[PDB]
Amino acid sequence: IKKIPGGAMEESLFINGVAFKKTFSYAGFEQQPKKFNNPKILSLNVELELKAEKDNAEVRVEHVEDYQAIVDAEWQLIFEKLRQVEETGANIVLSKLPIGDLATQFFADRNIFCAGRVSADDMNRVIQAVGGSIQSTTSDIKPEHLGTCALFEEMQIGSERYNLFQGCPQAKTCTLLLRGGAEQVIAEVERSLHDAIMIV
Amino acid sequence: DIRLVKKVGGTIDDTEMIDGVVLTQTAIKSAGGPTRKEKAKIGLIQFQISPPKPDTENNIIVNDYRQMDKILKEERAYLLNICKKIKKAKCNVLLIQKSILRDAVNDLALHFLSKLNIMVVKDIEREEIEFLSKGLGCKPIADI
Amino acid sequence: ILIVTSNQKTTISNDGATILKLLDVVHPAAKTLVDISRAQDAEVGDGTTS
Amino acid sequence: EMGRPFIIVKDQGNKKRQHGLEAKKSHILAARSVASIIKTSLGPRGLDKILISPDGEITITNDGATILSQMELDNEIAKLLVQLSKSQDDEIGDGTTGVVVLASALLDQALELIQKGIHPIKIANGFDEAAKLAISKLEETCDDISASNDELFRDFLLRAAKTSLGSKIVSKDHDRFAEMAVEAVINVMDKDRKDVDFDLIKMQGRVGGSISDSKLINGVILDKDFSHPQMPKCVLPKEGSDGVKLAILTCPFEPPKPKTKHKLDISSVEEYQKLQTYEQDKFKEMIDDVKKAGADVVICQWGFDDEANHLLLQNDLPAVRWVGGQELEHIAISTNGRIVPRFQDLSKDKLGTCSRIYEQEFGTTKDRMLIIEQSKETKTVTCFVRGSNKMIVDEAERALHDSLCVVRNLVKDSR
Amino acid sequence: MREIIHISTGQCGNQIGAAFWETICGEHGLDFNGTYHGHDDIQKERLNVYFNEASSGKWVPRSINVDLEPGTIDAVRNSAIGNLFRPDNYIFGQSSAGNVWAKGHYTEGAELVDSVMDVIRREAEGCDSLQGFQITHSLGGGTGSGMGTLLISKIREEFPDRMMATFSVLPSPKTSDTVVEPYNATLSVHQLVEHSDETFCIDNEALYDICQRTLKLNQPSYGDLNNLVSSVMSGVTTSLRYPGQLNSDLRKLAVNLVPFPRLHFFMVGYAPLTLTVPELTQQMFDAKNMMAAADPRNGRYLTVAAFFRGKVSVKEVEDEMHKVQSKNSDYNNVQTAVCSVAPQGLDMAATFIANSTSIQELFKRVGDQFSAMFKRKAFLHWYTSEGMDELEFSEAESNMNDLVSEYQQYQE
Amino acid sequence: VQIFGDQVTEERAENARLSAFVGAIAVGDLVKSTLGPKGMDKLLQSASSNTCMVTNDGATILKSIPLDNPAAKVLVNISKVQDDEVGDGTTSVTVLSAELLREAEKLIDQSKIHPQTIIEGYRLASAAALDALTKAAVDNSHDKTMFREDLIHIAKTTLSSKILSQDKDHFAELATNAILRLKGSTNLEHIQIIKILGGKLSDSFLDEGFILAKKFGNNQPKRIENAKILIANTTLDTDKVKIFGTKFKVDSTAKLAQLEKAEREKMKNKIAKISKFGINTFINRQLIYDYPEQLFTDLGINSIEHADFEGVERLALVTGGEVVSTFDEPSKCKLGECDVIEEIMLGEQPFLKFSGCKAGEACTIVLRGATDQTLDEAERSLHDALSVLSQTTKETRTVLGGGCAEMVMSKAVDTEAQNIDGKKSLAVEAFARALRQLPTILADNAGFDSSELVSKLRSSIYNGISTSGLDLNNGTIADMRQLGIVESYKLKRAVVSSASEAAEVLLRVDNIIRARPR
Amino acid sequence: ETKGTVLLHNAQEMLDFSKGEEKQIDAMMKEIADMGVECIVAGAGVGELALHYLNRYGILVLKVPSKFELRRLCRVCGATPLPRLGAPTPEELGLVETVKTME
Amino acid sequence: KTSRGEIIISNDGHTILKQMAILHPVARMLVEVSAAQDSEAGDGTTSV
Ligand SMILES: Nc1nc2c(ncn2[C@@H]2O[C@H](COP(=O)(O)OP(=O)(O)OP(=O)(O)O)[C@@H](O)[C@H]2O)c(=O)[nH]1
Ligand SMILES: Nc1ncnc2c1ncn2[C@@H]1O[C@H](COP(=O)(O)OP(=O)(O)O)[C@@H](O)[C@H]1O
Ligand SMILES: Nc1ncnc2c1ncn2[C@@H]1O[C@H](COP(=O)(O)OP(=O)(O)O)[C@@H](O)[C@H]1O
Ligand SMILES: Nc1ncnc2c1ncn2[C@@H]1O[C@H](COP(=O)(O)OP(=O)(O)O)[C@@H](O)[C@H]1O
Ligand SMILES: [Mg+2]
Ligand SMILES: [Mg+2]
Ligand SMILES: [Mg+2]
């Protein structure tokens, strides 16, 4: 459970899933819809942006005609990497590594939400909540490994946006938002629950 | 348009009129060049006589050994043929400006210029190029 | 118990563990209480004070 | 002690302790010291306070959160009151002063009860039962406004808008700020009158002018001029057209180069002339792509090139440079356009639509700030607030922000 | 490869090495007892470059500290940082080089070097990936200079390929009181160039200026100097001990920064001497931040290589390079190496190492002292007595004519 | 219980209002001498490098002087906004906003008025004040000759306050011609003020053209006629292609001799495309190197180098042409025209003189003065004069000054004070009496009476003459239409609104919080 | 070990260089698995692409970033390590029945 | 004698006033008048 400076402790509620901070404002974040009736979750690990491929950068080009083609090839493969994510119908995209502005705007046109800048401990909680799996390659994506839930709705919580998942038939996760006045109030509610949860 | 040359030494009476323009710079003499030349035509060199090294980065690659030999030969020729064309115009005195990013006159080029009896003077200020062209009536030369 | 360490980090707690920790105990015999609090807090998580 | 150095915690002599009754008197008097600051500020007849940051900048404010936020304190009891006002400011955005005065009122009355010898838990449990009992009574007595139509529901926002503006800055034009605050929400609202997005409306202040010069404009505020200002400043649409056909691009005008470091080797003069041909044909193909797309105004993120600016002036195509990515998020939602990544994916369906583009001076030499306006209702409203002083327009921002937050609370039903 | 040994020789060598280990141990995390209290994989997964995992995880650094003055070794040992180094590693033998290249070197190479070759052998046999050796010596002293020369030679013989990195401390003309400093510093370079593969120049005189200008300590103590030297060393070694590919591993460093073989000498540059990447840009290239006496603006950079740390992206640094190249063109050279970890104490630094023709000033100087102030054959009998002749000195001055020439040949 | 930290100055008593009120009085009295035509200039002593600065404007003075009072920052900030908005009337805002707080001081102390009542009267008093200017204004848009005469009298009013009170008769014609030159362009950046020390102050002039600060490079002539101007922002010099990853894989130096020749061929080809236009002058903003400079000699084209980007905008509009790049298509591109070009010398630095251009959408002013300090004052002057006249084009309505503007507001403000019976009438009267002080300090600076001269202006307006005002050269009441002094509507609207809202700031304080300095 | 850097002369190599990797790693990993192994103890840092194919077939990964920590584990199951990424020999494969993870 | 190691003899009032660093600003205005007299006329820089 995470910290939310601001609010009153009485207005908390029970959540059947996860609620994680985005921690970054993308260029095409507002274009995506905030409400999906039948969302589908797919966890990624590949970095979706235009950069060096595998820990190195060195490209020799002799002819100027091929210099135009090698740039178009980089633009070709990056959309080929994104199109494989689009063809399976993954509405929610999540990745530990950053996601560039090129990818999030491609997803923003056809109503596909995406997010990034999340920790590995948060990612492991996402898999057990939705019941999916981790896929670090876009070519080996299949329909069966996609997680699902009842609905999706991003709500304003303490001047911070959180992506809510809830209503799963079988959820392994319980994660409640701790809102309070001072930073010690939310801390005391955490330690009190952490001591009580171990007893039960 | 008036020029005053500052110099230490001498006496006040030594100040006199000079009918023509005087150069504050001195000769290199590094190579054995002329320092006087009667009935000489003064040409203003506004470029640099130096090994080829153009604006875009130039990485020279040597694949075979004949090539090391050739690169040297070709250069001892890029300076020679340019100096050969100076003999065609019979220009006897050259004046080079201050060179940036490289040497103004290569030491290998001074051997060709010193044997053909050509005075070489470098490290002239840029603003004085208007003075020399206006006085001597010589238009600058930026390319062969 | 209200404690403020050298870095001016405010904290309010009643747990043996947090309180003892927010305290850099240099005495050797007194750190036995710190160990059993962390040992009780790590496994059970209640009754540390007791 | 027994002669040996009896030390337990690190830095023994530096830190202190406090217990018994004297620990309580330090707490209640610390709240009274903060309450005296807030007590003379609350209400419509209050008085702002002036704060001084370490960097010399000042802020003339009368909102308990901004006062306590920029206040350098040492006592921890006031630092919890600093966060309580910040808690009320972040979520609701109304009553910061109250939460502070009210918490001190509970603390001041608790001082007399501690003298009687009541345990603090029984004191705390009493306020918890009394607080829920008061909330349970006040929930019954208040009436619902959802039965009324939309014409009267607008008046209820004007009742709360005049309440929030007053007690604050711009009391002079508060009747128009109430209409301006309500008019901002009429444009940006859900058809079901529920869960309106607050992030669509951003705050923007301008140092200059007077309060009367402020007005409503539906568009984006850019702090920059057009590229190479030889064109006319105010561009108009065509005679017959759906709009100006706004275009946005996250690609700078240059030849396509790899993102990785590259080494283009030219081993011949013939290949060097083809590089000159490749250099010119890319700029020629680029301006032909946006020409065939029908765009009039172009927005570039990473800026552009001297050679395309001229190509942009002859075709009557204004453009800008160094537009940040956060502003492009605001441009796409306002004009209802889709940002194309590159020119190969350029299509007429992705271009936006807005009424007109124009720029004014606001004075002598300050800066050329861009203005955009819409011809109908859109999902974006940008308040254009002016001010005679930097502290006036700075206080007018947080004052109008609290006004929109109070209207945001009324979007929730039956409150 | 995976590991590199670190020899430290001389009073200056031992001091700088003790400071360097004090920095390194705390960097990726080990109490001076060897135990690892660090968090987590990042600091542990390249700890095998300089520490030997023993059973029980009492990591112990692979360092050979040597000196002909029992006292310096002793002080360091009895001090803190005295549990880490294995007791057997220290090799220390009386009397004192006596601040003479000739004497100290020959006499104790005759003895201390044998013992050192012995320690360098078995302890190292212990690894499976020697990559090279890092020596910290003082160019101008006795033991350090003489022994360094001997050892470098001896090691190179027993380990042909193995790279060889040095961090010799050049002498301070003003603050080096001893008169026979240049006359040693000259004989040391004679052999440093023929053998070494990459070396870094640090001048005490330059260290004083930075200590008094930026730090503003009223009187520099050898300690301050040591701390600054330690910081640059730490950055260059992180270029090594943190998983990375930009200049990954020593040999790479060498390949990248050495245009031609007879030019080993580098000018360290480090900032934020007491933050945003644009802010640190100016500090790296400021003419006052160089730890070399010679001015680099009058000279000419040949291969630049900047090692950033802390939070920095690819593009923060690339954009910075694009902006900088544009204005200092007269002075395309660039090499970036972003790291992920941060300086102990500070969030982000940026070490700077560029080959520069300007070193020829620091050698024209030393040659001037060596020749002019010993045309009179001063203080030479101290050296002729040990056994070495004067023909060797003539060879030494001759080879500096050569160094200077080289730098002049690569048209300053 | 001291909740604050160490070294935290807090004032929660009457001293807080006294410290905030005395700070505005100190800022107010500092600028009382700078107001009016007889006002004295001030002298600033900088703390770094001994760089002095002589200036009469209150905005430059208050921004330069250090002041730690928070009340002083409001007077500094309101003056900065007025300097940026209109460019004139900054000292009037500073002295009026301080006098409103001065007049409000006695209400707090003597009469014991609530602070919310004083501001409430100023709201209704300021509303009636702006309504007086609504009826008191006059629109001279129907006739250009009368509007041409209005720009004269506004220049007479603005320039009289600075050191140019004698030479305003000559610069009034110079100022209004620059505005009619711009024909509505209110951007002040399109006027280049060339600073020249030496000569008589009246030696300034306004040539019909654009004067460069630089000269021709090497051998191009001074005097020419019928020159076609072409402007470029083009590198046009050692073209570094748009991708920096380009390289040459050279197998032999003989081939690299052809590559450097190819760089000269494309540059020779680029200059060959310039000659297709058939021009005689070429201008580029980047500094031109030696090789492209030489090719212009054989073609007979002049070359100018290192022009600033802000000057390219002025250069394009005076010439009337267009900035051209990518020279393959000369048909669509446009170029300007000029009759004669000649290099001149004003002092030591030579300049290029242009005359006889077609377009006249911009100009340049050449000032002449004894000291750099006088030249600076002069510069700052024409900037304040041209700024007011530039906004007069978009805001054609004008208002008569000379004490008549402040009094006709007080005539309407005093009338409304009776219909608001209660304790608010004293606040509205305080706003009225604050407006009487502007003609008082204007009389005190010239050394006349403060009571009797203002009393004659009081009785003259209520008799039914709304054109009476103060005349300082003789010290008596005279008609403003005959003397010919008038201000713009935006100026009087700005200072009344700025001084009114400035009084609202420091009347609601009840505590001053000072944290530690950093 | 000596300057491992990519080199792509044309777009045909750019397209195949990204998937070449997947294929190769996958091949080595499949090879490992046809032998029926379900847990592999690694000696140093493991890449993410290699991890994606290991947990596909449910192969457990264990970190032992030291020499002695890796040698002590071989004595339990009695396995003979080989640094190659090929097929483990069947005689050298160790025997472990269960691998539990509890608090 | 200037601040740096340069020494200069001067009869010209403009160069005398230029090299003299004056603390008073009004007396410093005479340095600019001599500069103005030197730029415009070039004679009588001390007579002004
Ligand atoms: N940079 C730096 N140099 C040091 C420091 N301590 C000593 N030195 C240098 O050490 C040099 C002389 O010391 P060494 O030559 O190492 O002394 P030594 O010959 O090892 O001592 P003996 O063997 O006893 O003769 C001087 O030039 C100093 O500049 C230090 O902390 N930092
Ligand atoms: N115009 C008004 N008439 C009557 N009461 C008002 C008016 N404006 C504000 N109030 C009252 O003043 C009290 C304090 O409000 P205030 O302190 O200004 O808001 P905040 O605490 O959000 O800054 C509120 O309880 C409100 O009812
Ligand atoms: N010759 C004159 N006769 C009458 N009144 C004058 C004369 N010259 C100036 N004034 C008055 O003096 C005032 C000068 O104001 P000014 O100094 O320009 O204010 P600021 O400097 O704040 O812009 C004007 O309002 C004008 O009415
Ligand atoms: N030969 C002379 N006999 C008498 N008076 C002279 C003679 N020469 C110059 N003067 C006078 O002395 C003054 C010298 O001024 P000068 O020193 O030349 O000023 P500056 O040095 O500033 O140019 C002149 O104004 C002139 O009247
Ligand atoms: Mg408990
Ligand atoms: Mg309120
Ligand atoms: Mg004025």
# chains A, B, ... in the order shown; residues from 1 in each chain; ligands from 1

call {"tool": "residues_around", "arguments": {"residues": "range 467-469 of chain F", "least_positions_apart": "4", "cutoff": "7 Å", "atoms": "only C-alpha atoms", "output": "list in words"}}
result
residues 402, 403, 404, 457, 460, 461, 477, 478, 479 and 480 of chain F

call {"tool": "residues_around", "arguments": {"residues": "residue 360 in chain D", "least_positions_apart": "5", "cutoff": "8 Å", "atoms": "only C-alpha atoms", "output": "CSV table (one decimal) with C-alpha atoms, in the first residue's frame"}}
result
chain,number,residue,atom,x,y,z
D,368,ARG,CA,4.9,38.0,-28.3
D,369,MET,CA,2.4,35.6,-26.7
D,370,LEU,CA,0.3,33.5,-29.1

call {"tool": "residues_near_ligand", "arguments": {"ligand": "ligand 1", "cutoff": "8 Å", "atoms": "only C-alpha atoms and all ligand atoms", "output": "MDAnalysis selection string"}}
result
chainID E and resid 9:13 15:16 67:69 72 95:100 104 137:145 169:172 175:176 181 202:204 207 221:226 229

call {"tool": "write_last_selection", "arguments": {"atoms": "C-alpha atoms", "output": "PDB file, in the first residue's frame"}}
result
ATOM      1  CA  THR E   9      54.313   2.196  -4.267  1.00  0.00           C
ATOM      2  CA  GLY E  10      55.924   4.978  -2.280  1.00  0.00           C
ATOM      3  CA  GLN E  11      54.806   7.332   0.452  1.00  0.00           C
ATOM      4  CA  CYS E  12      52.662   9.254  -2.021  1.00  0.00           C
ATOM      5  CA  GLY E  13      51.566   5.975  -3.560  1.00  0.00           C
ATOM      6  CA  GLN E  15      48.631   7.632   0.797  1.00  0.00           C
ATOM      7  CA  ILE E  16      46.748   7.929  -2.477  1.00  0.00           C
ATOM      8  CA  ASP E  67      57.712   1.143   0.247  1.00  0.00           C
ATOM      9  CA  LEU E  68      61.343   1.252   1.338  1.00  0.00           C
ATOM     10  CA  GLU E  69      60.429   3.308   4.443  1.00  0.00           C
ATOM     11  CA  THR E  72      54.602   4.923   5.786  1.00  0.00           C
ATOM     12  CA  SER E  95      66.446   2.056   4.772  1.00  0.00           C
ATOM     13  CA  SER E  96      64.941   4.765   2.567  1.00  0.00           C
ATOM     14  CA  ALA E  97      65.438   5.371  -1.101  1.00  0.00           C
ATOM     15  CA  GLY E  98      66.790   8.612   0.113  1.00  0.00           C
ATOM     16  CA  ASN E  99      64.932  10.631  -2.541  1.00  0.00           C
ATOM     17  CA  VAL E 100      67.161   9.354  -5.348  1.00  0.00           C
ATOM     18  CA  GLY E 104      66.832   3.844  -4.235  1.00  0.00           C
ATOM     19  CA  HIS E 137      53.487   6.198  -7.922  1.00  0.00           C
ATOM     20  CA  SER E 138      55.010   9.671  -7.428  1.00  0.00           C
ATOM     21  CA  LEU E 139      57.095  10.642 -10.345  1.00  0.00           C
ATOM     22  CA  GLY E 140      59.503  12.737  -8.429  1.00  0.00           C
ATOM     23  CA  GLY E 141      60.391  10.900  -5.250  1.00  0.00           C
ATOM     24  CA  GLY E 142      62.877   8.124  -4.578  1.00  0.00           C
ATOM     25  CA  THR E 143      61.244   4.816  -3.836  1.00  0.00           C
ATOM     26  CA  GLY E 144      58.251   5.442  -5.788  1.00  0.00           C
ATOM     27  CA  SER E 145      60.037   6.619  -8.892  1.00  0.00           C
ATOM     28  CA  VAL E 169      51.888  12.409  -9.411  1.00  0.00           C
ATOM     29  CA  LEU E 170      54.095  14.917 -11.200  1.00  0.00           C
ATOM     30  CA  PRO E 171      56.257  17.169  -9.141  1.00  0.00           C
ATOM     31  CA  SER E 172      55.363  20.695  -8.055  1.00  0.00           C
ATOM     32  CA  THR E 175      56.061  23.337  -3.487  1.00  0.00           C
ATOM     33  CA  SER E 176      58.564  20.544  -4.197  1.00  0.00           C
ATOM     34  CA  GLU E 181      63.089  16.356  -8.125  1.00  0.00           C
ATOM     35  CA  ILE E 202      48.501  14.837 -11.563  1.00  0.00           C
ATOM     36  CA  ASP E 203      50.552  17.816 -10.394  1.00  0.00           C
ATOM     37  CA  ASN E 204      50.767  18.799  -6.744  1.00  0.00           C
ATOM     38  CA  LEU E 207      46.364  20.433  -6.749  1.00  0.00           C
ATOM     39  CA  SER E 221      47.122  19.387   3.681  1.00  0.00           C
ATOM     40  CA  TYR E 222      48.288  16.366   1.827  1.00  0.00           C
ATOM     41  CA  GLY E 223      44.924  15.018   2.849  1.00  0.00           C
ATOM     42  CA  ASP E 224      42.912  17.347   0.720  1.00  0.00           C
ATOM     43  CA  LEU E 225      45.024  16.680  -2.192  1.00  0.00           C
ATOM     44  CA  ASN E 226      44.557  13.057  -1.653  1.00  0.00           C
ATOM     45  CA  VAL E 229      42.978  12.603  -6.508  1.00  0.00           C
TER      46      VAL E 229
END

call {"tool": "residues_near_ligand", "arguments": {"ligand": "ligand 3", "cutoff": "6 Å", "atoms": "only C-alpha atoms and all ligand atoms", "output": "tab-separated table (two decimals) with C-alpha atoms, in the first residue's frame"}}
result
chain	number	residue	atom	x	y	z
F	35	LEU	CA	7.55	64.56	-11.61
F	36	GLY	CA	6.69	67.45	-13.91
F	37	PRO	CA	8.63	69.50	-16.46
F	88	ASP	CA	5.07	56.38	-19.51
F	89	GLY	CA	3.43	57.50	-16.29
F	90	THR	CA	5.42	55.25	-13.95
F	91	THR	CA	6.28	57.99	-11.45
F	92	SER	CA	2.62	59.08	-11.41
F	157	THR	CA	3.73	66.57	-23.13
F	158	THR	CA	5.89	63.44	-22.88
F	160	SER	CA	8.88	68.01	-21.66
F	161	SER	CA	9.53	65.92	-18.53
F	401	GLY	CA	-3.80	66.99	-18.89
F	402	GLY	CA	-2.23	69.79	-16.88
F	470	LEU	CA	-2.12	74.79	-14.57
F	471	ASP	CA	0.48	76.68	-16.62
F	472	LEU	CA	3.93	76.38	-15.05

call {"tool": "interface_residues", "arguments": {"of": "chain D", "to": "chain G", "cutoff": "12 Å", "atoms": "only C-alpha atoms", "output": "mmCIF file with N, CA, C and O atoms, in the first residue's frame"}}
result
data_model
loop_
_atom_site.group_PDB
_atom_site.id
_atom_site.type_symbol
_atom_site.label_atom_id
_atom_site.label_comp_id
_atom_site.auth_asym_id
_atom_site.auth_seq_id
_atom_site.Cartn_x
_atom_site.Cartn_y
_atom_site.Cartn_z
ATOM 1 N N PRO D 258 19.557 8.519 -38.716
ATOM 2 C CA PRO D 258 19.283 7.495 -37.703
ATOM 3 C C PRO D 258 19.361 8.067 -36.298
ATOM 4 O O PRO D 258 20.072 9.038 -36.033
ATOM 5 N N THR D 260 20.573 6.274 -33.834
ATOM 6 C CA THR D 260 21.902 5.852 -33.429
ATOM 7 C C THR D 260 22.965 6.679 -34.147
ATOM 8 O O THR D 260 22.724 7.271 -35.202
ATOM 9 N N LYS D 261 24.155 6.721 -33.552
ATOM 10 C CA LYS D 261 25.278 7.403 -34.179
ATOM 11 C C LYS D 261 25.685 6.666 -35.450
ATOM 12 O O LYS D 261 25.815 5.437 -35.451
ATOM 13 N N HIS D 262 25.887 7.427 -36.527
ATOM 14 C CA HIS D 262 26.112 6.899 -37.867
ATOM 15 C C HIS D 262 27.365 7.522 -38.461
ATOM 16 O O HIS D 262 27.888 8.515 -37.949
ATOM 17 N N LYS D 263 27.841 6.917 -39.550
ATOM 18 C CA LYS D 263 29.019 7.380 -40.281
ATOM 19 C C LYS D 263 28.733 7.239 -41.773
ATOM 20 O O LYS D 263 28.998 6.187 -42.365
ATOM 21 N N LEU D 264 28.194 8.296 -42.379
ATOM 22 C CA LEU D 264 27.927 8.315 -43.815
ATOM 23 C C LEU D 264 29.223 8.650 -44.544
ATOM 24 O O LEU D 264 29.704 9.786 -44.477
ATOM 25 N N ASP D 265 29.781 7.662 -45.242
ATOM 26 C CA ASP D 265 31.053 7.795 -45.944
ATOM 27 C C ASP D 265 30.788 8.133 -47.406
ATOM 28 O O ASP D 265 30.005 7.445 -48.070
#

call {"tool": "residues_near_ligand", "arguments": {"ligand": "ligand 4", "cutoff": "9 Å", "atoms": "only C-alpha atoms and all ligand atoms", "output": "PyMOL selection string"}}
result
chain H and resi 11-14+34+37-38+42-48

call {"tool": "interface_residues", "arguments": {"of": "chain E", "to": "chain A", "cutoff": "9 Å", "atoms": "only C-alpha atoms", "output": "PDB file with N, CA and C atoms, in the first residue's frame"}}
result
ATOM      1  N   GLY E 244      28.630  -1.688 -17.654  1.00  0.00           N
ATOM      2  CA  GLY E 244      28.474  -0.624 -18.621  1.00  0.00           C
ATOM      3  C   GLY E 244      29.156  -1.020 -19.890  1.00  0.00           C
ATOM      4  N   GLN E 245      28.874  -0.334 -20.985  1.00  0.00           N
ATOM      5  CA  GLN E 245      29.448  -0.727 -22.244  1.00  0.00           C
ATOM      6  C   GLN E 245      30.146   0.398 -22.951  1.00  0.00           C
ATOM      7  N   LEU E 246      29.991   1.602 -22.458  1.00  0.00           N
ATOM      8  CA  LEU E 246      30.529   2.744 -23.166  1.00  0.00           C
ATOM      9  C   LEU E 246      32.023   2.780 -23.306  1.00  0.00           C
TER      10      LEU E 246
END

call {"tool": "residues_around", "arguments": {"residues": "residue 53 in chain F", "least_positions_apart": "4", "cutoff": "12 Å", "atoms": "only C-alpha atoms", "output": "PyMOL selection string"}}
result
(chain F and resi 41-47+49+57+60-61+64-65+371-377+380) or (chain H and resi 25-26+28-29)

call {"tool": "residues_around", "arguments": {"residues": "range 55-57 of chain G", "least_positions_apart": "5", "cutoff": "10 Å", "atoms": "only C-alpha atoms", "output": "list in words"}}
result
residues 133, 134 and 135 of chain A; 29, 30, 33, 36, 37, 38, 39 and 50 of chain G

call {"tool": "write_last_selection", "arguments": {"atoms": "C-alpha atoms", "output": "JSON list (two decimals), in the first residue's frame"}}
result
[["chain", "number", "residue", "atom", "x", "y", "z"],
["A", 133, "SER", "CA", 2.05, -13.14, -17.39],
["A", 134, "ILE", "CA", 5.14, -11.14, -18.36],
["A", 135, "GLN", "CA", 6.08, -10.96, -22.06],
["G", 29, "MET", "CA", 17.11, -22.22, -24.57],
["G", 30, "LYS", "CA", 15.03, -24.85, -26.26],
["G", 33, "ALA", "CA", 15.00, -27.64, -22.20],
["G", 36, "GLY", "CA", 13.82, -31.94, -19.07],
["G", 37, "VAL", "CA", 15.55, -29.34, -16.87],
["G", 38, "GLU", "CA", 13.34, -27.03, -14.77],
["G", 39, "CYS", "CA", 15.86, -24.95, -12.78],
["G", 50, "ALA", "CA", 17.24, -15.01, -21.98]]

call {"tool": "interface_residues", "arguments": {"of": "chain D", "to": "chain C", "cutoff": "9 Å", "atoms": "only C-alpha atoms", "output": "list in words"}}
result
residues 6, 7, 8, 9, 10, 11, 15 and 76 of chain D

call {"tool": "write_last_selection", "arguments": {"atoms": "N, CA, C and O atoms", "output": "short mmCIF file (atom, residue, chain, number, x, y, z; two decimals), in the first residue's frame"}}
result
data_model
loop_
_atom_site.label_atom_id
_atom_site.label_comp_id
_atom_site.auth_asym_id
_atom_site.auth_seq_id
_atom_site.Cartn_x
_atom_site.Cartn_y
_atom_site.Cartn_z
N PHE D 6 27.57 7.61 30.75
CA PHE D 6 26.30 6.90 30.58
C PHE D 6 25.59 7.50 29.38
O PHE D 6 24.87 8.50 29.49
N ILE D 7 25.80 6.89 28.21
CA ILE D 7 25.22 7.31 26.94
C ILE D 7 24.48 6.13 26.34
O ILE D 7 24.93 4.98 26.45
N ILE D 8 23.34 6.41 25.70
CA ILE D 8 22.47 5.40 25.10
C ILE D 8 22.28 5.66 23.61
O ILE D 8 22.64 4.83 22.78
N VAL D 9 21.73 6.82 23.26
CA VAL D 9 21.44 7.19 21.88
C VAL D 9 22.58 8.06 21.37
O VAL D 9 23.22 8.78 22.15
N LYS D 10 22.85 7.97 20.07
CA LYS D 10 23.86 8.81 19.45
C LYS D 10 23.45 10.28 19.55
O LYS D 10 22.27 10.62 19.44
N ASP D 11 24.44 11.15 19.77
CA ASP D 11 24.23 12.57 20.03
C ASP D 11 23.33 12.77 21.25
O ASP D 11 22.23 13.31 21.18
N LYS D 15 20.13 16.32 21.64
CA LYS D 15 18.68 16.22 21.71
C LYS D 15 18.20 16.29 23.16
O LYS D 15 18.95 15.99 24.10
N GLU D 76 7.40 21.05 15.77
CA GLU D 76 6.76 20.01 14.97
C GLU D 76 5.24 20.09 15.00
O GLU D 76 4.60 19.62 14.05
#
